[PDB]
Every structure is written in structure tokens, then in C-alpha cells.
Amino acid sequence: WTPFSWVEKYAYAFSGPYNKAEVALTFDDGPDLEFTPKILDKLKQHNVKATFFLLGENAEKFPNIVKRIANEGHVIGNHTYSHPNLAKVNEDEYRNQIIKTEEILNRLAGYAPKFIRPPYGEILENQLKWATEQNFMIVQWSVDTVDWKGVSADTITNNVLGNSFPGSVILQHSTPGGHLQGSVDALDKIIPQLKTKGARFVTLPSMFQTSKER
Ligand SMILES: O=C(NO)c1ccc(-c2cccc3ccccc23)cc1
Ligand SMILES: [Cl-]
Ligand code: NA
Ligand code: NA
Ligand code: NA
Ligand code: NA
Ligand code: NA
Ligand code: NA
Ligand code: NA
């Protein structure tokens, strides 16, 4: 496990360029029926695009919310199919979780997503090597809202505003059935205060200057 050396050897990163006044909001585990629509609305009221890492099994249940994300200018990412610990699977099951989710998202969004985020941040070097050759790009995160703990919006705001820098990639969740109401309300405080500091919200394709599709 050498996360640092991998950013020089593969398509793999934790944050973006230091010389741009840009940050990136990302959302995991969706789509869902309660939190994804709210996030989309608050992102609409703040003129902000984001990047959604969607589970393949959840895109099947709510195929229109996948389409709503892409139609509103957001970028869709691959978050595997059934959310397993990729460090505990073999190559064929790893490549099965990726390619299966890709075909589901390609059918709904109209493109094969280029960005992969491994659940729990767990991934192995050979898995990373395979995705690099397949023209993927894995992006983790550098600011953790730890919103799955069900924390409040004020707590998430101080946690985000206290650890955000140019190039920060922020992690939030739109998990079906999670305690994420404070994570949604935090967007009303996080987005304006970072704008006060001069930050612009971009998607992962714009931050790393690459296409959204593979
Ligand atoms: O994308 C996720 N789920 O879909 C996800 C789940 C949990 C965490 C997560 C939360 C808190 C601390 C962590 C420390 C190391 C690795 C992951 C951590 C980050 C992301
Ligand atoms: Cl490209
Ligand atoms: Na790592
Ligand atoms: Na980094
Ligand atoms: Na950075
Ligand atoms: Na409903
Ligand atoms: Na192959
Ligand atoms: Na920086
Ligand atoms: Na950062």
C-alpha cells in the first residue's frame, strides 16, 4: 500500500492543481430517491456543478435520476456495482464490477464514465494498473465530511472550511437510507463561504483537464 508513489505511476490522484482557485464537490452511493434530488436542487440554486460516483445496483432501480444528473450538466462517475471491498476481490470480480457498472451508466447517461472511485478508498496496484491501461482515472478525496456518521450541517461546514485548499476534492454521500440531512443543508453554508474566499466549483474532468468519457 503506497498511495503516494502511485500518483506518479498511474492515473490516480487525491486532489487537483494547486495553482487554480478551484475545488470539486463529489457525491457517492447514489442515485437514491430522497437525497440525490435535494442535492441536485441545492446545486441548482448555487450555480454549481458536481461529480456523482454512482453505484451500478442503484442506477438500475432509479434510471431516471441517473438521467436527471447528466441532463443538468453534472458528471457521472463509476462507483462499482454492489460496493465491495475491492482489496478483497480477485481481478475478474474487480473487472466485473467495473465493466458491468459502465454498461449500465453508458445506457442511461449516454457515455462510459472515465472516472472511478473505489469504495472505502481500497484498491490494489494491479487493479489500478488495469484501469490506467483501460483509459480510466481513479480519484479519491482530500476533504472528508464524514457525513455518514449523521453529523450536523454546522459540524460539516467547519470541517470543510477548515481543511479546504485550492484543488481540494470533497467527499459527500447520497446513500439510500442514510443519515444525510445535515450533509444536504451544509451545501447552503459550504458553497457561499468558499466563494467568499475566491474558490470556484468545477467537475473532475475540468479539474484534471481530461474528458468525462472513456
Ligand atoms: O465512498 C464511500 N462509500 O461509498 C466511502 C466510505 C467510507 C469512507 C471513509 C470515511 C471515513 C474514514 C475513512 C478512512 C479510510 C477510507 C475511507 C474512509 C470514504 C468513502
Ligand atoms: Cl481526454
Ligand atoms: Na491509497
Ligand atoms: Na494530492
Ligand atoms: Na492538490
Ligand atoms: Na418518492
Ligand atoms: Na480486459
Ligand atoms: Na492548495
Ligand atoms: Na485539499
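What you see below is based on every heavy atom in this structure, not just the backbone, and it leaves out hydrogens, waters and symmetry mates. Sequential numbering from 1 along the given sequence is applied to the chain's residues.
Looking only at side-chain heavy atoms (C-beta outward), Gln127 and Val89 come within less than 4.5 Å of each other. For the pair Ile76 and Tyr111, the minimum side-chain heavy-atom distance is below 4.5 Å. Side-chain contact between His79 and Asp29: present, with at least one pair of heavy atoms (C-beta onward) separated by less than 4.5 Å.
For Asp144, the salt bridge (charged side-chain N to carboxylate O under 4.0 Å, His left out) test picks out no residue, with sequence neighbours left out. Residues satisfying the side chain to side chain donor-acceptor pair (under 3.5 Å) test with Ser164, not counting sequence neighbours, are none. Partners of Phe115 under the ring pair (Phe, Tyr, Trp, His ring centres under 6.0 Å) rule, at least two apart in sequence or in another chain, do not exist in this structure. Taking the ring pair (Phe, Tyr, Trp, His ring centres under 6.0 Å) definition, one finds that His74 meets it with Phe52, sequence neighbours left out.
In this structure, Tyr18 places its OH atom where only 12 or fewer heavy-atom neighbours from other residues, nucleotides or ligands lie under 6.0 Å away. The neighbour count for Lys49 NZ, taken as heavy atoms of other residues, nucleotides or ligands under 6.0 Å away, is above 12. More than 12 heavy atoms of other residues, nucleotides or ligands shown are found within 6.0 angstrom of CG on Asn90.
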For residues 135-142, tabulate all N or O donor-acceptor pairs below 3.5 Å that involve a side-chain atom, not counting sequence neighbours.
unit_1 : atom_1 : unit_2 : atom_2 : d
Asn135 : OD1    : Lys114 : NZ     : 2.9
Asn135 : ND2    : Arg214 : O      : 3.4
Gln140 : NE2    : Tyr12  : OH     : 3.1
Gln140 : NE2    : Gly121 : O      : 3.2
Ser142 : OG     : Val169 : N      : 3.3

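Cluster membership for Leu128 and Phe53, using ILVMFWY side-chain heavy atoms within less than 4.5 angstrom, is not shared. Note on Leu180 and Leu43: same hydrophobic cluster, where clusters join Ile, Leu, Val, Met, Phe, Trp and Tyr whose side-chain heavy atoms are under 4.5 Å apart, directly or indirectly. Cluster membership for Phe201 and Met207, using ILVMFWY side-chain heavy atoms within less than 4.5 angstrom, is not shared. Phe208 and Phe14 fall into different hydrophobic clusters, where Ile, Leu, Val, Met, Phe, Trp and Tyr residues are linked whenever their side-chain heavy atoms come under 4.5 Å apart, directly or through other members. Cluster membership check: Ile170 does not share its hydrophobic cluster with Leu204, using side-chain heavy-atom separations under 4.5 Å among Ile, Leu, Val, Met, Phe, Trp and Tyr.
Of the listed residues (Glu93, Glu102, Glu60), just one forms a side chain to side chain donor-acceptor pair (under 3.5 Å) with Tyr81, and that residue is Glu60.
Using modelled atom types and a 3.5 Å distance limit, the side chains of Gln172 and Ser183 yield a donor-acceptor pair. Remark: the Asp185 side chain and the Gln181 side chain contain an N/O donor-acceptor pair separated by less than 3.5 Å.
The distance from atom CD of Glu213 to atom CG of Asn106, rounded to the nearest 0.5 Å, is 8.5 Å.
Judged by distance alone, with hydrogens and angles left aside, the side-chain atoms of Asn78 form a donor-acceptor pair with the main-chain N or O of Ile98 at under 3.5 Å.
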Open item on the list: Show, in sequence, the C-alpha distance, side-chain angles and deciding distance for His83 and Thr175, and conclude whether the side chain to side chain contact (heavy atoms under 4.5 Å, CB included) test is met.
Closed with: CA-CA 11 Å; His83 209 261; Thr175 310; over 6 Å; no

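Here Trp148 sits in one hydrophobic cluster together with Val146; the rule is ILVMFWY side chains under 4.5 Å apart, joined directly or through other members.
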